[PDB]
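the data below comprise the sequence and an experimental structure of the protein.
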Amino acid sequence: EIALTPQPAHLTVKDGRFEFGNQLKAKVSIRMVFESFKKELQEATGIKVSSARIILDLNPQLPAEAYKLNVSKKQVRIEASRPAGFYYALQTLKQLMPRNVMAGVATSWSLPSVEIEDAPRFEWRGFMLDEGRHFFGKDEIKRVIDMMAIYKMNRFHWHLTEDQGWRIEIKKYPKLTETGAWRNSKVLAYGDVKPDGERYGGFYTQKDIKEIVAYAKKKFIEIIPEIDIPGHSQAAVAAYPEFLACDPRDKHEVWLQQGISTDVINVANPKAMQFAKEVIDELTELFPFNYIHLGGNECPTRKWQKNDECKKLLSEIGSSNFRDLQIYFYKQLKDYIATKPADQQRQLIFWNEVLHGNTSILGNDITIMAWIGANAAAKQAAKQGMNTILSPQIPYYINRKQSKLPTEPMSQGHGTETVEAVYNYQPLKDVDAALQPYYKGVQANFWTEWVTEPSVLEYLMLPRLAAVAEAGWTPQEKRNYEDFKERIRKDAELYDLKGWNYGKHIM
Ligand SMILES: CC1=[NH+][C@H]2[C@@H](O1)O[C@H](COS(=O)(=O)[O-])[C@@H](O)[C@@H]2O
């Protein structure tokens with residue numbers, strides 16, 4: 001009957017139903033949010049709402065994303081403290097209606113009376129897409145954002161730079177795309193799989209970026225760009241080897257392989273430093289959200305050990321751990337950002353491998369995205385007074401196989417990462433109440449070594465995405481896989497109407 005995903009914190013079914021009619025009147029940034037709602041509602045149902053049987057009141061004691069939704073025979077009442085809260089209330093309202101309403105599509109109207117009080121458990125409810133390995137483009141990204149918005153996810157992490165490609169136009173360094181965005185293989189080589197010789201790639205112009213930022217903002221999704229440095233940087237090194245390469249005498253090309261590249265940025269070169277600062281400057285212009293992800297995963301120190309300037313620099317900082325070069329590199333970038341005006345300042349996120357270095361050089365106002373040995377890494381981060389986001393490889397990497405069936409498309413894993421396994425992960429299990437404030441939230445990540453087709457992307461994304469979304473929103477004590485299964489089954493219709501692909505295993 002009522003199938004709400006994410007499951008609200010508190011839901012009480014009440015007497016009777018609220019009948020819309022064909023018109024009604026509403027008492028109300030908030031107006032613009034409601035305006036959007038009105039458009040979608042009219043599109044889907046034909047109901048017109050004039051500017052009262054619907055009231056939106058400001059309740060300043062509610063958290064930033066919280067709301068109350070009271071539906072009775074007489075009236076729909078909504079309370080929230082911020083625009084986002086009102087948006088989420090209206091998401092829930094739509095979800096109380098036939099699926100075509102959430103789909104925004106007319107088909108060939110009442111609400112059940114309810115009392116809802118709702119707030120997200122976590123402020124960070126994210127999805128990351130890797131477009132470095134395979135590029136999907138503007139239309140598909142809009143579809144991804146649409147999927148996220150359904151389940152009240154609010155953070156899109158854009159993994160735009162890799163060994164195998166660079167996907168964002170940087171004005172001051174045009175070769176990043178000219179070289180970095182194109183390569184002579186669609187598939188990425190691994191084991192017996194060899195490069196296929198086909199010219200393949202693509203990138204976003206700064207105009208494209210701004211359009212996608214705007215589109216997401218309308219659905220209260222903030223975009224975090226990732227420029228993954230100084231590892232996972234072979235494409236950038238291929239573009240500008242003279243100052244980025246540790247070994248600029250050697251050949252440097254965009255990588256056609258899967259795996260971990262040793263062709264990392266020369267963090268000791270001064271022009272490499274200037275490059276990074278100027279990239280960050282351009283990002284600051286395109287991305288208004290207050291966070292930047294600088295990566296820091298899987299960065300072999302091997303080439304630094306064979307580089308004279310790097311050996312010298314490591315000596316001057318008085319370290320025996322070549323990992324410290326990476327951390328010192330981040331320090332200079334962090335310091336640089338701190339000199340800029342307040343409105344141009346950005347907080348930094350890193351993958352948890354950065355904890356393997358002497359991080360006290362950086363300070364503790366960084367955010368750690370925990371992926372490998374994630375549970376332990378997050379605890380480690382929280383203990384050091386750092387904020388942390390949980391994105392464990394198992395089971396939050398939703399590019400991994402969701403089934404063992406021989407008919408599944410090719411991707412990583414052995415099919416153990418089922419909807420059930422994703423849902424059953426408990427982010428806060430055995431996490432001391434004193435550490436919990438540092439846990440900003442959760443994220444599903446999607447790596448695209450194997451995934452090249454939008455249809456396969458969607459197939460793997462859904463419905464596991466919704467499970468992570470619910471984990472991020474619904475308090476643990478209110479979560480239940482069997483209940484979730486029953487609720488998510490109702491979204492098959494929504495997916496069909498939207499023309500989204502999805503795994504059918506639990507449908
Ligand atoms: C943060 C991070 N760095 C690595 C690591 O996660 O696994 C990804 C693939 O994971 S998967 O699909 O489970 O094998 C890989 O694409 C990425 O380069």
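That came through, no problem. Residues are numbered from 1 along each chain as shown.

residue numbers of the stretch 151-300 of the chain in contact with the ligand?
297-298 (CB under 6 Å from any ligand atom). For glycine as for every other residue, the C-beta is placed from the backbone atoms N, C-alpha and C.

now do the contacts for the closest residue to the ligand within the stretch 151-300 of the chain.
Per CB to the nearest ligand atom, residue 297 is where the stretch 151-300 of the chain lies closest to the ligand, at 4.1 Å. For residue 297, the contacting residues are 228, 231-232, 351, 353, 371, by CB atoms under 8 Å, 6 or more residues apart in numbering.

so what's the nearest residue to residue 17 once chain neighbours are set aside up against?
Spatial nearest neighbour of residue 17, excluding adjacent residues (CB to CB, 6 or more residues apart in numbering): residue 110 at 4.5 Å. Residue 110 sits next to 17-20 when contact means CB under 8 Å, 6+ apart.

write the ChimeraX selection for whichever of those residues are buried.
For the buried members of those, the matching ChimeraX selection, counting by 16 or more other CB atoms under 10 Å, is:
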select :18,20
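
what does this structure have sitting close to the ligand?
297-298, 351, 371, 393, 397, 399-400, 412, 447, 449.

which one of these sits closest to residue 460?
Set against residue 460, the nearest of these by CB to CB is residue 399 (5.6 Å).

from the contacts of residue 297, which ones fall inside strands?
Counting by DSSP state E, those place residue 351 in strands.

which of the contacts of residue 297 tops the neighbour count?
residue 232 (28 neighbours; other CB atoms under 10 Å).

what's the burial count for residue 474?
21.

wait, it sits on residue 11?
No - counting by CB atoms under 8 Å, residue 11 is not a contact partner of residue 474; they are 10.7 Å apart.

residues of stretch 101-108 that come out buried?
101-104.

same check on stretch 346-365?
346, 348-355, 357, 359, 362.

who's in contact with residue 160?
Applying CB under 8 Å, 6+ apart, the residues near residue 160 are 131-132, 166-168, 204, 225-227.

same deal with residue 235?
132, 161-166, 176, 179-180, 254-255.

do residue 304 as well
246, 264, 266-268, 310-311, 314, 322, 325.

now with 7 Å?
246, 310, 322, 325 (CB atoms under 7 Å, 6 or more residues apart in numbering).

now do it against residue 315, distance only.
12 Å (CB to CB, to the nearest Å).

one more: residue 73?
From residue 73 to residue 315 the distance is 77 Å (CB to CB).

helices of the stretch 401-507 of the chain, start to end?
419-424, 454-461, 464-473, 481-488, 492-498 (DSSP state H, counting those that start in this stretch).

which ones are touching residue 303?
246-247, 262-264.

can I have the buried ones of the residues you listed as a ChimeraX selection?
To isolate the buried ones among the contacts of residue 303 in ChimeraX, judged by 16+ other CB under 10 Å, type:
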select :246,262,263,264
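
mind putting the contacts of residue 303 in CSV, distance to residue 123 and secondary structure included?
Shown next, in CSV, are the contacts of residue 303 (distance: CB to CB, whole Å; DSSP: H, G, I helix; E, B strand; the rest coil):
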residue, distance to residue 123, secondary structure
246, 39, coil
247, 43, coil
262, 37, coil
263, 37, coil
264, 33, coil
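
quick one: which of the contacts of residue 235 sit in strands?
Going by DSSP E, the strands hold none of these.

out of those, give me the one that has the most neighbours.
residue 166 (31 neighbours).

tell me who's in contact with the spatially closest residue to it that is not a sequence neighbour.
Counting by CB to CB, 6+ apart, residue 166 lies nearest to residue 180, which is 3.0 Å off, once chain neighbours are set aside. Taking CB under 7 Å, 6+ apart, we find residue 180 in contact with 165-166, 235-236, 238-239, 254.

Throw the helices of the stretch 401-507 of the chain into CSV and include mean neighbour count, thanks.
Formatted as CSV, the helices of the stretch 401-507 of the chain follow (neighbours: other CB atoms under 10 Å):
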stretch, mean neighbour count
helix 419-424, 20
helix 454-461, 20
helix 464-473, 27
helix 481-488, 17
helix 492-498, 17
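
just send those back as CSV, with distance to residue 143 too.
Below are the helices of the stretch 401-507 of the chain laid out as CSV (distance: least, CB to CB, whole Å):
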stretch, distance to residue 143
helix 419-424, 20
helix 454-461, 7
helix 464-473, 12
helix 481-488, 19
helix 492-498, 8
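
so for residue 333, which of those helices sits nearest?
Nearest to residue 333, of those and by CB to CB, is helix 464-473 at 29.0 Å.

now that closest one and helix 454-461, what's the angle there?
40 degrees (axes from the mean of the first three to the mean of the last three CA atoms, to 10 degrees).

other SSEs contacting helix 464-473?
strand 124-130, helix 419-424, strand 439-446, helix 481-488 (3 or more CB pairs under 7 Å, 6 or more residues apart in numbering; DSSP states H and E).

between the ones you listed, which one is nearest to residue 329?
Across those, closest to residue 329 is strand 124-130 (CB to CB), at 22.5 Å.

re the thing from before, of the buried residues of stretch 101-108, which is the nearest to residue 442?
residue 102 (22.5 Å).

shouldn't the closest one be in contact with residue 93?
No - using CB atoms under 7 Å, residue 102 makes no contact with residue 93, being 9.9 Å away.

quick one: residue 14 and residue 21, what's the gap?
In terms of CB to CB, residue 14 sits 20 Å off from residue 21.

out of those two, which sits in the busier spot?
residue 14 (14 against 10).
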